């Protein structure tokens, strides 16, 4: 059994009306997130971490910012699709860990539901999906409420 590591990172800016979608979960907030998809940084970062582990590039590589094939869709579809590909190459999920970086809104109440979504989307047990949040103690663009960042790592098995 060969094992593979992956990393992902994403940022999206605030704009317009709430809510925001993070980890599939619709979360109420004063601002919404500017996006060409649904702006779900958590799932984008996770997808990159997963793809990178399977050495398949990134989301922008699999789903061009323009292309007809998979266009203007919600990030859960993109996640499921990438996982389809990652499995086609003969990988199963080791586990994933996600780190949301945001000053607000409060993510912790929504994390259990995010895990239901991700566990479903990758067809695994919840105990292989972990999600956290942190603030930057009001420092930097996230700390000064301009956007949200997210990091994810992934482990795969062949």
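Positions refer to the first chain, counted from 1.
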Which of 65-73 and 49-57 has higher mean CA B factor, as the PDB entry lists it: 65-73
Hey, what third does residue 37 fall into on Cα B-factor, ranked over its chain? highest
Which third, lowest, middle or highest, does the CA B-factor of residue 153 fall in along this chain? lowest
For the chain shown, is the CA B-factor of residue 112 in the lowest, middle or highest third of its modelled residues? lowest
Modelled-residue ranking by C-alpha temperature factor, third containing residue 123: highest
